[PDB]
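*Asks:* Sharing a structure, written as structure tokens. Questions coming.
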Amino acid sequence: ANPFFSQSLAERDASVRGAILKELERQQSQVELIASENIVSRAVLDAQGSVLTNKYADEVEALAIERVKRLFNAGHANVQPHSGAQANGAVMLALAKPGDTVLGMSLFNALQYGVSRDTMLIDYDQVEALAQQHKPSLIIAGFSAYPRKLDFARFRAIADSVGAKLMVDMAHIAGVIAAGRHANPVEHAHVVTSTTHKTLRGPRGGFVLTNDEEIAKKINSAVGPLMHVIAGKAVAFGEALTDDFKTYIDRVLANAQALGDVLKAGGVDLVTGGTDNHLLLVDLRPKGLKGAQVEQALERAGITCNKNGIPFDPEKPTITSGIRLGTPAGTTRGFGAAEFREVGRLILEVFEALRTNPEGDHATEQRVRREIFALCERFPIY
Amino acid sequence: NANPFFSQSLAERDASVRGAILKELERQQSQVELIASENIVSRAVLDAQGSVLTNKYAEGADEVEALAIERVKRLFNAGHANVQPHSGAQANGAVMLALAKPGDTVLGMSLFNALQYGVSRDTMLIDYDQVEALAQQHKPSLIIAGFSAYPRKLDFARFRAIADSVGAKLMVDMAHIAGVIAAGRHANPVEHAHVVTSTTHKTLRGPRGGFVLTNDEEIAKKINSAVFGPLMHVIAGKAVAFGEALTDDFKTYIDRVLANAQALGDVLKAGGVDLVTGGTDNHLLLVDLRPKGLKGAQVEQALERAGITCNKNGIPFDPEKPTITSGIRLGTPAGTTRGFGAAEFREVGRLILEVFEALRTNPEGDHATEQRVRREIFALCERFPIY
């Protein structure tokens, strides 16, 4: 009988309502190709919007833990971190000493390894080379939005060779791993970290996995809490345990191949020449285009992505020679191969306009935007 | 929508999580929450937190943020605001780095070289001359006021004078009393502090989170740099709560919160326990259990079994270990939100006293009494349903 309790946001707050509606329209009417973005289930929304917020100014945590352990075949889990970065931070604070040398990927004395200038593939001989050299206490695999498989066993071998622990940040590929469509790092790393959003299609947040009990205790110590968010994690982990999630990931992967092939046929390059996952790293050089200019034009055209510096990019970082695309969001809304090929066609249309007008072609962008709107309306969300 | 991913509720899809949610609802529905930092958010805030705004900035201004900013500025008559902090501690942390250099002495309340001031052993109140003497001696670069769950007014003007006298900045952490200030029922530290920090929950009845206020644009710039992925749905929740707080209805809420604390405190006092400072100027009650020879932990544990949640709380200069303590801390915000008035809080006080008395013979607990009180608590809450 009390409106504080009875009335909706929509009924009470016109301005916020308006803002939410504009955001809904953004999500409904544009194609989201940002690789880290996704669209959560109504169930995850219900969790985040639950009365669990009114606490700790727990069953759901137990559920999240048991589910994630099952999902990734891990002996131990911590589902408390508020973010992937915070998970990573907790692990380092637990597995490393100040002044330690830590060897990580890039696409505490922080040392970086990357990919080969000539193949765009991970430098394993060179990762080892360099581990051997600098004697890191910790080696970190993953972390980077890399479009090819990671050889965790090889990473672990290298680790072992120099008396280092192996940490894997699977944040960019967690959903792929969960569906069994990528090697599971849990089987090879001393510790695994991840985000709960992105390809796991949950709320923003983190978690940590290990098979080692003593590592688990250190993790727990080194690591809110937002119980409604934890509920959301539980919901998402539960979803990922289902066959429907396996099918989702299957389509994500297939959709990335479809889109990638179209872009290549259309005369751009892909870093590493393709993908093993949901990620496409587009090299715009063959068309003499620039990352920032392309990102901007695509957005005007109703397609969102990220400019992206390619390995050994000849452009300064505010410019770049690439964009990064991912299929998770579009796949969630129901896109299949045909739809992603259409998206490709439209992207290529914008590319071609930019070749004679790098600053943008309004006419082309508008047409594309409208076609994007039409495509999206055939695949409604929420 | 045709797709169950989009069309079906949590209730329909996830029985186990739904069950957990229902259990939590029942906890909130059938117990009296007296934890002073706890509250019960509006359906509107829930809607925001459960909005599609979650599907943004996965890789780490915006309309909802601009709304939050406009609103909190108006609410606290502040020239500048940052609504990004994920917590009160995060807000405090950022301001400390803004305003203070490593190795600096910082002088803050307790009930960097971190130094503390408290209340007078004499008056059990802040002694501003004592605080000033500490400042003069230790020359802090930063003085922090608030922060502590102190049940009396804070003289921010005087804190500023003290700070000036030693060339220190003044920070006020108003987390524990933000709602009271928002309603105009406590002096506003924005008028006196270089910077003010707060949480968005507690007496502001929003989502968990923090914010930072200042009237000084240069400090604002520094704050913004210090504070810098965002939860847009949470920011929306902040916006909603700030909007609610701007209303006359919110002023009435605080009015009731305050009166309710007086009512509850009166009963406890008449019942033969003491209140630290002898009462309260806000929503807080610091109960001193010594007259009944009771301990905080034992009392907290017993009350919880009796369906009344509070925190054990060390009194100033508590002779007991901090895991034990000689007190409990109570607050009226949550109960007030569900509709309790003075009479209802007097009833709660009566029931609390029943538990105290059982414990005077059986400090480890009395099931009979606890379960009886629990039933009476259930019946009370039933008259004031939530959600």
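Naming works like this for the structure tokens: A, B, ... for the chains as they're shown, residue 1 at the start of each chain, ligands 1 onward in shown order.
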Would you kindly report the residues of chain B within 7 Å of chain A, using only C-alpha atoms, as number ranges by chain?

*Replies:* B: 1, 5-10, 14, 17, 20-21, 24-25, 37-40, 42-44, 46-47, 49-53, 55, 58-59, 63-64, 236, 386-387

*Asks:* Give me the residues near residue 158 in chain B as a list in words, where near means some atom within 10 Å (using only C-alpha atoms) and where sequence neighbours in that chain fewer than 4 positions away do not count.

*Replies:*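 Contacts, with the query itself left out: residues 128, 129, 132, 154, 162, 163, 164 and 192 of chain B.
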
*Asks:* Could you pull the residues within 9 Å of residue 282 in chain A, counting only C-alpha atoms, minus those fewer than 3 positions along the same chain, as an MDAnalysis selection string?

*Replies:* chainID A and resid 260 263:264 268:271 308 310 321:325

*Asks:* Please list as a ChimeraX atom specification every residue within 6 Å of residue 241 in chain B, counting only C-alpha atoms and excluding residues in the same chain fewer than 3 positions away.

*Replies:* /B:206,238,244

*Asks:* Would you save the residues from that selection as a PDB file, in the first residue's frame, using N, CA and C atoms?

*Replies:*
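Full text of selection.pdb as output:
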ATOM      1  N   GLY B 206      20.172   4.506  -0.646  1.00  0.00           N
ATOM      2  CA  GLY B 206      20.506   4.093  -2.009  1.00  0.00           C
ATOM      3  C   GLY B 206      21.323   2.810  -2.104  1.00  0.00           C
ATOM      4  N   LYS B 238      21.903   5.499  -7.799  1.00  0.00           N
ATOM      5  CA  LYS B 238      22.344   6.686  -7.044  1.00  0.00           C
ATOM      6  C   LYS B 238      21.461   7.859  -7.427  1.00  0.00           C
ATOM      7  N   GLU B 244      15.094  10.998  -4.593  1.00  0.00           N
ATOM      8  CA  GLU B 244      14.129  10.735  -3.541  1.00  0.00           C
ATOM      9  C   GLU B 244      14.457  11.642  -2.375  1.00  0.00           C
TER      10      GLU B 244
END
